[PDB]
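Report on the following structure.
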Amino acid sequence: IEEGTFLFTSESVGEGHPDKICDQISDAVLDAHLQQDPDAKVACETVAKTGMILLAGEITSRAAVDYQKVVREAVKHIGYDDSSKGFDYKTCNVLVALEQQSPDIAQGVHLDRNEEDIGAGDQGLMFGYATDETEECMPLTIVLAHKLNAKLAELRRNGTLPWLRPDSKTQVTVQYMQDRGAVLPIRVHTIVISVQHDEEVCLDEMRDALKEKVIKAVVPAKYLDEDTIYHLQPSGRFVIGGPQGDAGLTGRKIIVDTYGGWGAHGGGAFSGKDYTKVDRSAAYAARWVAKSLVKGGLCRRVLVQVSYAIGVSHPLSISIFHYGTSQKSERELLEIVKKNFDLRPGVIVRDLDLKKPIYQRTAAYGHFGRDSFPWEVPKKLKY
Amino acid sequence: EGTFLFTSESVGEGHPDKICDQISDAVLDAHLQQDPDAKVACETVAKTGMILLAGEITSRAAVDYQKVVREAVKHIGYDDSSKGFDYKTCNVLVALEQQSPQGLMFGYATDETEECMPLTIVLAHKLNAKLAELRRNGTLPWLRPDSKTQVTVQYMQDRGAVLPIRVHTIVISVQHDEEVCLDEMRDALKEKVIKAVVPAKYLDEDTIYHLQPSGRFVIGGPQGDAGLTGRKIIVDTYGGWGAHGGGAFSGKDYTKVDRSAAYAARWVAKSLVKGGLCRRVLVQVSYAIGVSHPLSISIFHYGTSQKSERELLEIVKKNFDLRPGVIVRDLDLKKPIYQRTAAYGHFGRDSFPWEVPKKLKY
Amino acid sequence: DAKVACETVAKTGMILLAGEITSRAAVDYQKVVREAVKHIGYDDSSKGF
Ligand SMILES: C[S@@+](CC[C@H](N)C(=O)[O-])C[C@H]1O[C@@H](n2cnc3c(N)ncnc32)[C@H](O)[C@@H]1O
Ligand SMILES: [Mg+2]
Ligand SMILES: [Mg+2]
């Protein structure tokens, strides 16, 4: 029997996954610049590889930044500090290939303009999405996936599971049922967890620990039953992880960073980018809008699209899809959005306080669904 | 009025990120020619005067990476320092670790174009193709390889399907030389590029044109913006439509299910629409650890099918075998034709096996 | 009083700086390297660099 049921799955990766190392390093570099120069123009790409971190991209800033220190301190905090773990901050190669921002981009975007008039730093499309299925207005699949990795990191850093290393991958498969445009998560179907580990600890001590200390502490019992499949350390000997024998890049976990397959994505990455890059600021803005609509009671689920042209301040297009979860028309919801939001980057930066150096926080465990971020605090709407 | 806008973008061959995708798949192609069973996971990074290869390779082939990268950059059009990049003089760095011898995928199809793709991205892709073509002709010799495009189309909802009405907005940014002036570029982009790509019935007096909106675009390619493999995955796929699980395509060989099953899911989706069973469809394939066949397949036909989801699933099960091994055999995925996929989108063009609709028997 | 031990590598398309510097100075290495190459006279593909 089936009705209108389906499976959906989302992954998250821990801080030590090579791609997410790059994301966090790029955001550490951005924060370092914003501490001294709030108007810094940053486009930092990081590359992680056996024994190597390379910084490539472009930065115009008044800050004096010691790239060797910021990169190595980041790798330190992530937990790579010895050969035994496959990577050491003290002894890794750090190359830097950073130049100024193209003057052609500067003149065309932000030079000699009032803040509210600065153009989009690029063309692009960005999506925002919210769903009433969790308190945090996010898909349960991605939320559980993130929180599992966060738990592993927690239990690693407070010594309670000292055999854990920084690299990890989780996949949460939830069984869903459609409900008049909304989606009801019914049960957790499958949970996969691969995590990098000590030489000493035996396989089934880890597996016991992943179930009893990680999953039990994270996933409400209401979603777990006797049929739920657990794939804990499925391959077995995952002692080799992180950059060693692997190659990661900034912006190769954009789906993990956002909605875990749900809603939509326009393909712009977040990390290493100041507010003038609308891939970040407009995506943050669009999440804010989507969450505001659902928390404001105007719909149970929603997807928002916005687009920009480089050097132009106002969005080229804005669109709302409520999946038929609102009594009001999508056009009416658009009218409400137009009245309550100003989606130019020069304004978004004020409303969301995006010159603050708090970006490294966002580089793991997802950019959405968390308490402290301005874009997760819904706006009271007037209509 | 039941009307909505949707936007998609695409980029040119000279776009830093697309440069990297093409080189990554050029490395793959070259390996597959000598060794059909080569394992490749090759990332490319691009920046002023630099091409860096990084990744894992288990292959019997001996590849001249120098020649591979340099011929790729040549083909793309970067052949002088005046253009910001030159195949003859760039730095090629190799850091590949070579040796000697699960997932959720989405496929999507819509009947709004012959190629069975969203109009927004099809046009975006074709505008870049046109620029490349007119650059290579000599018709517009001030053009340079790096370019971006973005198309916003006004749609009308029609019982599950989406009906294009008009083009709302068009963006074109293309790197250029230092002689040509701004009015000449804008006239040309409008009259020689757009009007040769977009059907006239979609263009009108209200269509907005942002052409060379930055005002100057001389500095381009890896000099103006670092490039990385796998940073244009929405451009590679459905331009904001359908759905995407996370995996990049280029630099990966056919044994990665992220690539080859995404191709297969597309094949199914297109076959359903071309077979008249749907006007629009999204195909979900869940794979699971320790099973060859998909663990579960869902089919969202948006109410455009007369047949139910269970009926469409049954049709899918007797015409398709979605076990990785069979997919690479059926679609001929061991062959070295991955470089042509690395610009202008992986879906939409008939030349690919997964874009050949299967005649369905039910 | 800067402590400087800078080794430079030069090949097709590349200048690599490798070594050890402890200094209170703010040096833009990109400009400094490019300016020196400009002064040597390598300013076009037709010269090989
Ligand atoms: C504008 S850049 C990204 C932002 C950049 N990293 C920065 O430092 O601001 C992204 C892409 O836009 C295109 N681009 C580069 N320079 C441009 C210009 N002056 N005008 C319009 N588009 C440009 C290129 O295709 C490039 O890869
Ligand atoms: Mg970018
Ligand atoms: Mg990019």
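Letters go in sequence order (proteins before strands), and every chain restarts at 1. In each ligand, atom 1 is the first atom listed, and ligand 1 is the first ligand listed. Because only heavy atoms are used, hydrogens play no part in the values below, and waters and symmetry mates are left out as well, while side chains stay in.
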Atom pair NE2 (B:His210) and OG1 (B:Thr152), whose distance is rounded to the nearest 0.5 Å: 8.5 Å
Test side chain to side chain donor-acceptor pair (under 3.5 Å) on B:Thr229 and B:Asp21 and set out the steps. CA-CA 5 Å; B:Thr229 302; B:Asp21 282 322; 4.7 Å; no
Less than 3.5 Å apart, N/O on ligand 1 and N/O on the protein: could you list those pairs with the distances?
{"unit_1": "ligand 1", "atom_1": "6 (N)", "unit_2": "A:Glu58", "atom_2": "OE2", "d": "2.9"}
{"unit_1": "ligand 1", "atom_1": "6 (N)", "unit_2": "B:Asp225", "atom_2": "OD1", "d": "2.9"}
{"unit_1": "ligand 1", "atom_1": "9 (O)", "unit_2": "A:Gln101", "atom_2": "OE1", "d": "3.1"}
{"unit_1": "ligand 1", "atom_1": "19 (N)", "unit_2": "B:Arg216", "atom_2": "O", "d": "2.9"}
{"unit_1": "ligand 1", "atom_1": "20 (N)", "unit_2": "B:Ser214", "atom_2": "OG", "d": "2.7"}
{"unit_1": "ligand 1", "atom_1": "25 (O)", "unit_2": "B:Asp146", "atom_2": "OD1", "d": "2.6"}
{"unit_1": "ligand 1", "atom_1": "25 (O)", "unit_2": "B:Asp146", "atom_2": "OD2", "d": "3.3"}
{"unit_1": "ligand 1", "atom_1": "27 (O)", "unit_2": "B:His15", "atom_2": "NE2", "d": "3.1"}
{"unit_1": "ligand 1", "atom_1": "27 (O)", "unit_2": "B:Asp225", "atom_2": "OD2", "d": "3.0"}

Could you check whether any side-chain N or O of B:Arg70 sits under 3.5 Å from a backbone N or O of B:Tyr87, counting only pairs where one atom can act as donor and the other as acceptor? yes
Heteroatom test (N, O or S) for B:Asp17 near the Mg ion (ligand 3), limit 2.8 Å: yes
Can you tell which of B:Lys148, B:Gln22, B:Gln175 makes a side-chain contact (heavy atoms from CB on, under 4.5 Å) with B:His15? B:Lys148
Under 6.0 Å between ring centres: does that hold for A:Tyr284 and A:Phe270? yes
Does A:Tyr129 offer a backbone N or O that forms a donor-acceptor pair with the side chain of A:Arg287 under 3.5 Å? yes
